[PDB]
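Listing of final17.pdb; format and content: PDB, N, CA and C atoms.
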```
ATOM      1  N   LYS A  55     272.308 260.871  -4.071
ATOM      2  CA  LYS A  55     272.957 262.093  -3.610
ATOM      3  C   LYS A  55     271.944 263.231  -3.609
ATOM      4  N   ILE A  56     271.750 263.853  -2.446
ATOM      5  CA  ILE A  56     270.802 264.954  -2.329
ATOM      6  C   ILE A  56     271.313 266.145  -3.127
ATOM      7  N   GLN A  57     270.432 266.740  -3.933
ATOM      8  CA  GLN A  57     270.855 267.796  -4.845
ATOM      9  C   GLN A  57     271.087 269.111  -4.106
ATOM     10  N   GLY A  58     270.046 269.645  -3.478
ATOM     11  CA  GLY A  58     270.164 270.907  -2.778
ATOM     12  C   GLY A  58     270.492 270.753  -1.308
ATOM     13  N   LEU A  59     271.629 270.122  -1.003
ATOM     14  CA  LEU A  59     272.015 269.952   0.392
ATOM     15  C   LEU A  59     272.431 271.275   1.020
ATOM     16  N   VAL A  60     273.255 272.051   0.323
ATOM     17  CA  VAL A  60     273.750 273.329   0.815
ATOM     18  C   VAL A  60     273.039 274.439   0.058
ATOM     19  N   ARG A  61     272.416 275.350   0.796
ATOM     20  CA  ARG A  61     271.644 276.437   0.221
ATOM     21  C   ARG A  61     272.094 277.767   0.804
ATOM     22  N   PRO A  62     271.934 278.855   0.056
ATOM     23  CA  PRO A  62     272.093 280.181   0.659
ATOM     24  C   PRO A  62     271.030 280.409   1.721
ATOM     25  N   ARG A  63     271.400 281.142   2.767
ATOM     26  CA  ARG A  63     270.479 281.461   3.845
ATOM     27  C   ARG A  63     270.595 282.935   4.198
ATOM     28  N   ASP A  64     269.477 283.509   4.628
ATOM     29  CA  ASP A  64     269.419 284.913   5.037
ATOM     30  C   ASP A  64     269.031 284.971   6.505
ATOM     31  N   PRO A  65     269.989 285.138   7.419
ATOM     32  CA  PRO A  65     269.632 285.260   8.841
ATOM     33  C   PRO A  65     268.765 286.465   9.139
ATOM     34  N   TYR A  66     268.846 287.519   8.327
ATOM     35  CA  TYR A  66     268.030 288.705   8.558
ATOM     36  C   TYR A  66     266.546 288.402   8.395
ATOM     37  N   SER A  67     266.189 287.586   7.392
ATOM     38  CA  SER A  67     264.800 287.188   7.143
ATOM     39  C   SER A  67     264.826 285.801   6.494
ATOM     40  N   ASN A  68     264.620 284.765   7.310
ATOM     41  CA  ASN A  68     264.619 283.406   6.775
ATOM     42  C   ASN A  68     263.398 283.165   5.896
ATOM     43  N   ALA A  69     262.283 283.823   6.210
ATOM     44  CA  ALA A  69     261.043 283.759   5.423
ATOM     45  C   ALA A  69     260.613 282.295   5.347
ATOM     46  N   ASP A  70     260.392 281.737   4.163
ATOM     47  CA  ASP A  70     259.960 280.356   4.028
ATOM     48  C   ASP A  70     261.162 279.435   3.847
ATOM     49  N   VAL A  71     260.942 278.151   4.114
ATOM     50  CA  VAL A  71     261.975 277.127   4.035
ATOM     51  C   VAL A  71     261.595 276.152   2.930
ATOM     52  N   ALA A  72     262.522 275.915   2.006
ATOM     53  CA  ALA A  72     262.267 274.976   0.924
ATOM     54  C   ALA A  72     262.298 273.548   1.449
ATOM     55  N   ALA A  73     261.284 272.764   1.094
ATOM     56  CA  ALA A  73     261.209 271.381   1.536
ATOM     57  C   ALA A  73     262.226 270.524   0.793
ATOM     58  N   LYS A  74     262.603 269.409   1.414
ATOM     59  CA  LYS A  74     263.577 268.490   0.843
ATOM     60  C   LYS A  74     263.147 267.062   1.140
ATOM     61  N   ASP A  75     263.791 266.116   0.461
ATOM     62  CA  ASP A  75     263.515 264.702   0.664
ATOM     63  C   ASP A  75     264.680 263.892   0.114
ATOM     64  N   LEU A  76     264.748 262.628   0.523
ATOM     65  CA  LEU A  76     265.822 261.730   0.125
ATOM     66  C   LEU A  76     265.259 260.502  -0.579
ATOM     67  N   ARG A  77     265.975 260.037  -1.597
ATOM     68  CA  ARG A  77     265.554 258.934  -2.446
ATOM     69  C   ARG A  77     266.548 257.783  -2.342
ATOM     70  N   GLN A  78     266.318 256.751  -3.152
ATOM     71  CA  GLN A  78     267.145 255.547  -3.141
ATOM     72  C   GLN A  78     267.285 255.038  -4.569
ATOM     73  N   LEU A  79     268.454 255.247  -5.165
ATOM     74  CA  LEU A  79     268.734 254.711  -6.485
ATOM     75  C   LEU A  79     268.875 253.194  -6.417
ATOM     76  N   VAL A  80     268.602 252.539  -7.543
ATOM     77  CA  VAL A  80     268.642 251.085  -7.632
ATOM     78  C   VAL A  80     269.564 250.701  -8.779
ATOM     79  N   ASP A  81     270.599 249.924  -8.473
ATOM     80  CA  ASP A  81     271.504 249.415  -9.494
ATOM     81  C   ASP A  81     270.916 248.128 -10.070
ATOM     82  N   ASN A  82     271.688 247.420 -10.889
ATOM     83  CA  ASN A  82     271.157 246.246 -11.563
ATOM     84  C   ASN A  82     272.309 245.347 -11.985
ATOM     85  N   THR A  83     271.979 244.073 -12.207
ATOM     86  CA  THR A  83     272.917 243.098 -12.761
ATOM     87  C   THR A  83     272.079 242.088 -13.538
ATOM     88  N   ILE A  84     272.103 242.196 -14.860
ATOM     89  CA  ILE A  84     271.253 241.371 -15.708
ATOM     90  C   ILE A  84     271.925 240.031 -15.967
ATOM     91  N   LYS A  85     271.122 238.972 -15.977
ATOM     92  CA  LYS A  85     271.595 237.620 -16.235
ATOM     93  C   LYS A  85     271.304 237.241 -17.679
ATOM     94  N   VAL A  86     272.314 236.715 -18.365
ATOM     95  CA  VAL A  86     272.182 236.240 -19.737
ATOM     96  C   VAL A  86     272.480 234.749 -19.748
ATOM     97  N   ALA A  87     271.859 234.030 -20.675
ATOM     98  CA  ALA A  87     272.048 232.590 -20.786
ATOM     99  C   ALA A  87     272.635 232.259 -22.151
ATOM    100  N   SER A  88     273.810 231.646 -22.155
ATOM    101  CA  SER A  88     274.452 231.187 -23.375
ATOM    102  C   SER A  88     274.242 229.687 -23.530
ATOM    103  N   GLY A  89     274.819 229.138 -24.590
ATOM    104  CA  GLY A  89     274.656 227.731 -24.860
ATOM    105  C   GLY A  89     275.519 227.287 -26.018
ATOM    106  N   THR A  90     275.226 226.081 -26.503
ATOM    107  CA  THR A  90     275.960 225.471 -27.592
ATOM    108  C   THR A  90     274.955 224.738 -28.472
ATOM    109  N   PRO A  91     275.012 224.913 -29.792
ATOM    110  CA  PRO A  91     274.157 224.116 -30.664
ATOM    111  C   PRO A  91     274.529 222.649 -30.569
ATOM    112  N   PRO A  92     273.582 221.744 -30.807
ATOM    113  CA  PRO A  92     273.903 220.312 -30.742
ATOM    114  C   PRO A  92     274.961 219.955 -31.773
ATOM    115  N   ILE A  93     276.046 219.355 -31.300
ATOM    116  CA  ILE A  93     277.202 219.050 -32.132
ATOM    117  C   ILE A  93     277.184 217.566 -32.456
ATOM    118  N   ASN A  94     277.140 217.242 -33.744
ATOM    119  CA  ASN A  94     277.228 215.851 -34.159
ATOM    120  C   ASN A  94     278.607 215.294 -33.840
ATOM    121  N   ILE A  95     278.642 214.042 -33.402
ATOM    122  CA  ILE A  95     279.906 213.351 -33.166
ATOM    123  C   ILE A  95     280.098 212.373 -34.317
ATOM    124  N   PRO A  96     280.907 212.714 -35.312
ATOM    125  CA  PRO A  96     280.959 211.916 -36.532
ATOM    126  C   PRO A  96     281.887 210.728 -36.375
ATOM    127  N   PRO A  97     281.643 209.648 -37.113
ATOM    128  CA  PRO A  97     282.654 208.592 -37.221
ATOM    129  C   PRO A  97     283.834 209.053 -38.062
ATOM    130  N   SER A  98     285.008 208.483 -37.809
ATOM    131  CA  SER A  98     286.250 208.935 -38.435
ATOM    132  C   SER A  98     286.297 208.527 -39.908
ATOM    133  N   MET A  99     285.829 209.441 -40.760
ATOM    134  CA  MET A  99     285.761 209.172 -42.191
ATOM    135  C   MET A  99     286.783 209.959 -43.009
ATOM    136  N   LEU A 100     287.568 210.841 -42.387
ATOM    137  CA  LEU A 100     288.703 211.476 -43.063
ATOM    138  C   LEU A 100     289.916 210.548 -42.992
ATOM    139  N   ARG A 101     289.831 209.441 -43.731
ATOM    140  CA  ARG A 101     290.869 208.418 -43.695
ATOM    141  C   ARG A 101     291.195 207.920 -45.106
ATOM    142  N   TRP A 102     291.293 208.845 -46.063
ATOM    143  CA  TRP A 102     291.864 208.497 -47.362
ATOM    144  C   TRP A 102     293.356 208.216 -47.214
ATOM    145  N   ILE A 103     294.119 209.253 -46.864
ATOM    146  CA  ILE A 103     295.475 209.113 -46.355
ATOM    147  C   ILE A 103     295.662 209.869 -45.051
ATOM    148  N   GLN A 104     294.843 210.883 -44.791
ATOM    149  CA  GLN A 104     294.874 211.645 -43.555
ATOM    150  C   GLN A 104     294.264 210.823 -42.433
ATOM    151  N   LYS A 105     294.663 211.134 -41.206
ATOM    152  CA  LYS A 105     294.159 210.427 -40.039
ATOM    153  C   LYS A 105     292.912 211.110 -39.486
ATOM    154  N   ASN A 106     292.191 210.389 -38.625
ATOM    155  CA  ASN A 106     290.954 210.907 -38.052
ATOM    156  C   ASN A 106     290.674 210.298 -36.683
ATOM    157  N   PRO A 107     290.717 211.106 -35.622
ATOM    158  CA  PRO A 107     290.563 210.575 -34.260
ATOM    159  C   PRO A 107     289.123 210.426 -33.794
TER     160      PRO A 107
ATOM    161  N   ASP B   3     327.446 209.184 -49.261
ATOM    162  CA  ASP B   3     327.763 207.894 -48.659
ATOM    163  C   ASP B   3     329.109 207.937 -47.945
ATOM    164  N   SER B   4     330.048 208.694 -48.502
ATOM    165  CA  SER B   4     331.363 208.866 -47.889
ATOM    166  C   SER B   4     331.205 209.721 -46.640
ATOM    167  N   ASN B   5     331.280 209.084 -45.468
ATOM    168  CA  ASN B   5     331.069 209.794 -44.213
ATOM    169  C   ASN B   5     332.140 210.843 -43.942
ATOM    170  N   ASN B   6     333.294 210.755 -44.606
ATOM    171  CA  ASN B   6     334.298 211.802 -44.463
ATOM    172  C   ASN B   6     333.827 213.106 -45.090
ATOM    173  N   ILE B   7     332.934 213.024 -46.079
ATOM    174  CA  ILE B   7     332.297 214.220 -46.614
ATOM    175  C   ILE B   7     331.391 214.820 -45.547
ATOM    176  N   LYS B   8     331.397 216.150 -45.458
ATOM    177  CA  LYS B   8     330.720 216.848 -44.372
ATOM    178  C   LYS B   8     329.239 216.488 -44.317
ATOM    179  N   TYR B   9     328.748 216.266 -43.098
ATOM    180  CA  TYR B   9     327.329 216.079 -42.834
ATOM    181  C   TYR B   9     327.066 216.422 -41.374
ATOM    182  N   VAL B  10     325.942 217.085 -41.115
ATOM    183  CA  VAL B  10     325.522 217.430 -39.759
ATOM    184  C   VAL B  10     324.376 216.505 -39.371
ATOM    185  N   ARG B  11     324.568 215.748 -38.290
ATOM    186  CA  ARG B  11     323.598 214.723 -37.925
ATOM    187  C   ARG B  11     323.375 214.597 -36.419
ATOM    188  N   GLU B  12     323.231 215.715 -35.701
ATOM    189  CA  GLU B  12     322.898 215.622 -34.273
ATOM    190  C   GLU B  12     321.958 216.779 -33.909
ATOM    191  N   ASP B  13     320.696 216.428 -33.667
ATOM    192  CA  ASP B  13     319.673 217.311 -33.124
ATOM    193  C   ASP B  13     318.408 216.488 -32.911
ATOM    194  N   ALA B  14     317.587 216.920 -31.950
ATOM    195  CA  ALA B  14     316.368 216.182 -31.631
ATOM    196  C   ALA B  14     315.401 216.149 -32.809
ATOM    197  N   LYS B  15     315.598 217.039 -33.786
ATOM    198  CA  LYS B  15     314.802 217.030 -35.009
ATOM    199  C   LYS B  15     314.968 215.707 -35.744
ATOM    200  N   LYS B  16     316.114 215.061 -35.544
ATOM    201  CA  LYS B  16     316.377 213.734 -36.082
ATOM    202  C   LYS B  16     315.438 212.698 -35.479
ATOM    203  N   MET B  17     315.153 212.826 -34.185
ATOM    204  CA  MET B  17     314.598 211.730 -33.407
ATOM    205  C   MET B  17     313.158 211.946 -32.956
ATOM    206  N   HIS B  18     312.555 213.111 -33.238
ATOM    207  CA  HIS B  18     311.165 213.319 -32.820
ATOM    208  C   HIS B  18     310.230 212.221 -33.314
ATOM    209  N   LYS B  19     310.422 211.730 -34.540
ATOM    210  CA  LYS B  19     309.484 210.744 -35.072
ATOM    211  C   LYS B  19     309.440 209.493 -34.202
ATOM    212  N   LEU B  20     310.603 208.899 -33.934
ATOM    213  CA  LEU B  20     310.612 207.670 -33.156
ATOM    214  C   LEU B  20     310.294 207.947 -31.691
ATOM    215  N   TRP B  21     310.663 209.127 -31.180
ATOM    216  CA  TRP B  21     310.285 209.463 -29.810
ATOM    217  C   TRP B  21     308.770 209.536 -29.663
ATOM    218  N   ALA B  22     308.097 210.156 -30.633
ATOM    219  CA  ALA B  22     306.643 210.227 -30.603
ATOM    220  C   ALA B  22     306.025 208.844 -30.739
ATOM    221  N   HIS B  23     306.593 208.000 -31.607
ATOM    222  CA  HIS B  23     306.084 206.637 -31.737
ATOM    223  C   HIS B  23     306.214 205.874 -30.424
ATOM    224  N   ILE B  24     307.354 206.022 -29.746
ATOM    225  CA  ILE B  24     307.536 205.404 -28.437
ATOM    226  C   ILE B  24     306.501 205.930 -27.454
ATOM    227  N   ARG B  25     306.251 207.240 -27.479
ATOM    228  CA  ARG B  25     305.293 207.825 -26.546
ATOM    229  C   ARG B  25     303.887 207.279 -26.765
ATOM    230  N   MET B  26     303.454 207.157 -28.023
ATOM    231  CA  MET B  26     302.098 206.655 -28.243
ATOM    232  C   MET B  26     302.014 205.152 -28.004
ATOM    233  N   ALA B  27     303.112 204.419 -28.209
ATOM    234  CA  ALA B  27     303.129 203.012 -27.821
ATOM    235  C   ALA B  27     303.017 202.866 -26.309
ATOM    236  N   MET B  28     303.673 203.755 -25.562
ATOM    237  CA  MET B  28     303.564 203.731 -24.108
ATOM    238  C   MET B  28     302.166 204.131 -23.660
ATOM    239  N   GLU B  29     301.517 205.023 -24.416
ATOM    240  CA  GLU B  29     300.180 205.482 -24.053
ATOM    241  C   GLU B  29     299.188 204.327 -24.020
ATOM    242  N   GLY B  30     299.250 203.442 -25.007
ATOM    243  CA  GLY B  30     298.373 202.291 -25.027
ATOM    244  C   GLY B  30     297.582 202.158 -26.309
ATOM    245  N   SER B  31     296.445 201.464 -26.237
ATOM    246  CA  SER B  31     295.652 201.214 -27.432
ATOM    247  C   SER B  31     294.935 202.459 -27.930
ATOM    248  N   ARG B  32     294.662 203.428 -27.056
ATOM    249  CA  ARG B  32     293.920 204.614 -27.479
ATOM    250  C   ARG B  32     294.674 205.381 -28.557
ATOM    251  N   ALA B  33     295.944 205.701 -28.299
ATOM    252  CA  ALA B  33     296.727 206.458 -29.271
ATOM    253  C   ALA B  33     296.959 205.661 -30.549
ATOM    254  N   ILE B  34     297.249 204.364 -30.424
ATOM    255  CA  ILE B  34     297.569 203.559 -31.601
ATOM    256  C   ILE B  34     296.347 203.406 -32.497
ATOM    257  N   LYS B  35     295.206 203.023 -31.915
ATOM    258  CA  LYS B  35     293.966 202.987 -32.684
ATOM    259  C   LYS B  35     293.627 204.361 -33.238
ATOM    260  N   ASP B  36     294.001 205.417 -32.516
ATOM    261  CA  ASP B  36     293.658 206.766 -32.944
ATOM    262  C   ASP B  36     294.478 207.178 -34.162
ATOM    263  N   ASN B  37     295.792 206.986 -34.100
ATOM    264  CA  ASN B  37     296.699 207.307 -35.203
ATOM    265  C   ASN B  37     297.008 206.059 -36.029
ATOM    266  N   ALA B  38     295.953 205.457 -36.577
ATOM    267  CA  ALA B  38     296.095 204.149 -37.208
ATOM    268  C   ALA B  38     296.892 204.220 -38.504
ATOM    269  N   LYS B  39     296.827 205.352 -39.212
ATOM    270  CA  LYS B  39     297.252 205.371 -40.610
ATOM    271  C   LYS B  39     298.739 205.082 -40.793
ATOM    272  N   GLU B  40     299.615 205.658 -39.968
ATOM    273  CA  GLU B  40     301.043 205.475 -40.212
ATOM    274  C   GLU B  40     301.491 204.062 -39.858
ATOM    275  N   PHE B  41     300.733 203.373 -39.007
ATOM    276  CA  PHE B  41     301.042 201.995 -38.652
ATOM    277  C   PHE B  41     300.397 200.976 -39.576
ATOM    278  N   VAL B  42     299.168 201.213 -40.008
ATOM    279  CA  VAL B  42     298.428 200.286 -40.851
ATOM    280  C   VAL B  42     298.127 200.976 -42.173
ATOM    281  N   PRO B  43     298.916 200.711 -43.212
ATOM    282  CA  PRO B  43     298.597 201.262 -44.533
ATOM    283  C   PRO B  43     297.280 200.706 -45.048
ATOM    284  N   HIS B  44     296.610 201.501 -45.874
ATOM    285  CA  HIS B  44     295.312 201.098 -46.394
ATOM    286  C   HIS B  44     295.463 199.836 -47.238
ATOM    287  N   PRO B  45     294.487 198.926 -47.201
ATOM    288  CA  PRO B  45     294.567 197.736 -48.064
ATOM    289  C   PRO B  45     294.664 198.070 -49.541
ATOM    290  N   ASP B  46     294.016 199.145 -49.989
ATOM    291  CA  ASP B  46     294.164 199.609 -51.361
ATOM    292  C   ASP B  46     293.823 201.089 -51.411
ATOM    293  N   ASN B  47     294.686 201.875 -52.059
ATOM    294  CA  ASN B  47     294.444 203.311 -52.162
ATOM    295  C   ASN B  47     293.287 203.621 -53.102
ATOM    296  N   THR B  48     293.097 202.803 -54.140
ATOM    297  CA  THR B  48     291.972 203.005 -55.047
ATOM    298  C   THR B  48     290.647 202.908 -54.304
ATOM    299  N   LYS B  49     290.502 201.894 -53.449
ATOM    300  CA  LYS B  49     289.347 201.844 -52.562
ATOM    301  C   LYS B  49     289.347 203.030 -51.609
ATOM    302  N   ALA B  50     290.524 203.393 -51.090
ATOM    303  CA  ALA B  50     290.610 204.446 -50.082
ATOM    304  C   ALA B  50     290.093 205.774 -50.613
ATOM    305  N   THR B  51     290.169 205.980 -51.929
ATOM    306  CA  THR B  51     289.657 207.219 -52.507
ATOM    307  C   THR B  51     288.155 207.368 -52.286
TER     308      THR B  51
END
```
Let's see the structure in the file written out as structure tokens.
Amino acid sequence: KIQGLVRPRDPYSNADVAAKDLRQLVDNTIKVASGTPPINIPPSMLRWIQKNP
Amino acid sequence: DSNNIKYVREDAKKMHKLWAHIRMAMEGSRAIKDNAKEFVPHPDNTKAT
């Protein structure tokens, strides 16, 4: 968005003109990487009286 | 024992156990092998400890 788009002006004496320019903002979208720790697959050893799948 | 004495005996809470057993029997060997304990008691609890 141009900052000084609208300026006061003096038609009686314009004198010098302030220079202007236009820019380009840059947005962003960062990538993150998730995961899972290695999970042991145990044999069913909770079988005293409780069940184990 | 005297059935004339009051007792309430109708609700699915009565039958969930056998309904679930029927369901896992219908499922096949996976469920039965999986839920082995209620069908196959341990050969000895002392060992089971």
**Asked** Pick from A:100, A:60, A:68, A:81: nearest to residue 51 (chain B), with only C-alpha atoms counted?
**Response**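 With only C-alpha atoms as the atom set, the closest residue is A:100.
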Name the residues that the PyMOL selection byres ((chain A) within 8 of (chain B)) pulls out of this structure, and write them as a PDB file with N, CA and C atoms, in the coordinates of the input.
```pdb
ATOM      1  N   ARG A 101     289.831 209.441 -43.731  1.00  0.00           N
ATOM      2  CA  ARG A 101     290.869 208.418 -43.695  1.00  0.00           C
ATOM      3  C   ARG A 101     291.195 207.920 -45.106  1.00  0.00           C
ATOM      4  N   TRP A 102     291.293 208.845 -46.063  1.00  0.00           N
ATOM      5  CA  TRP A 102     291.864 208.497 -47.362  1.00  0.00           C
ATOM      6  C   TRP A 102     293.356 208.216 -47.214  1.00  0.00           C
ATOM      7  N   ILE A 103     294.119 209.253 -46.864  1.00  0.00           N
ATOM      8  CA  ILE A 103     295.475 209.113 -46.355  1.00  0.00           C
ATOM      9  C   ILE A 103     295.662 209.869 -45.051  1.00  0.00           C
ATOM     10  N   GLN A 104     294.843 210.883 -44.791  1.00  0.00           N
ATOM     11  CA  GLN A 104     294.874 211.645 -43.555  1.00  0.00           C
ATOM     12  C   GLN A 104     294.264 210.823 -42.433  1.00  0.00           C
ATOM     13  N   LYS A 105     294.663 211.134 -41.206  1.00  0.00           N
ATOM     14  CA  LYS A 105     294.159 210.427 -40.039  1.00  0.00           C
ATOM     15  C   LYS A 105     292.912 211.110 -39.486  1.00  0.00           C
ATOM     16  N   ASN A 106     292.191 210.389 -38.625  1.00  0.00           N
ATOM     17  CA  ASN A 106     290.954 210.907 -38.052  1.00  0.00           C
ATOM     18  C   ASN A 106     290.674 210.298 -36.683  1.00  0.00           C
ATOM     19  N   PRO A 107     290.717 211.106 -35.622  1.00  0.00           N
ATOM     20  CA  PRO A 107     290.563 210.575 -34.260  1.00  0.00           C
ATOM     21  C   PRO A 107     289.123 210.426 -33.794  1.00  0.00           C
TER      22      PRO A 107
END
```
**Request:** Mind giving me the straight-line distance from CA of residue 79 (chain A) to atom N of residue 55 (chain A) in Å, one decimal?
**Result:**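 Atom-to-atom, CA of residue 79 (chain A) and atom N of residue 55 (chain A) are spaced 7.5 Å apart.
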**Message:** So that I can check the secondary structure, give me every residue of chain B assigned helix (DSSP H, G or I) by backbone DSSP, as a list in words.
**Reply:**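 Filtering chain B down to helix (DSSP H, G or I) leaves residues 14, 15, 16, 18, 19, 20, 21, 22, 23, 24, 25, 26, 27, 28, 29, 31, 32, 33, 34, 35, 36, 38, 39, 40, 41, 47, 48, 49 and 50 of chain B.
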**Item:** For CA of residue 73 (chain A) and CA of residue 56 (chain A), the interatomic separation in Å (one decimal)
**Value:**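 CA of residue 56 (chain A) lies at a distance of 12.2 Å from CA of residue 73 (chain A).
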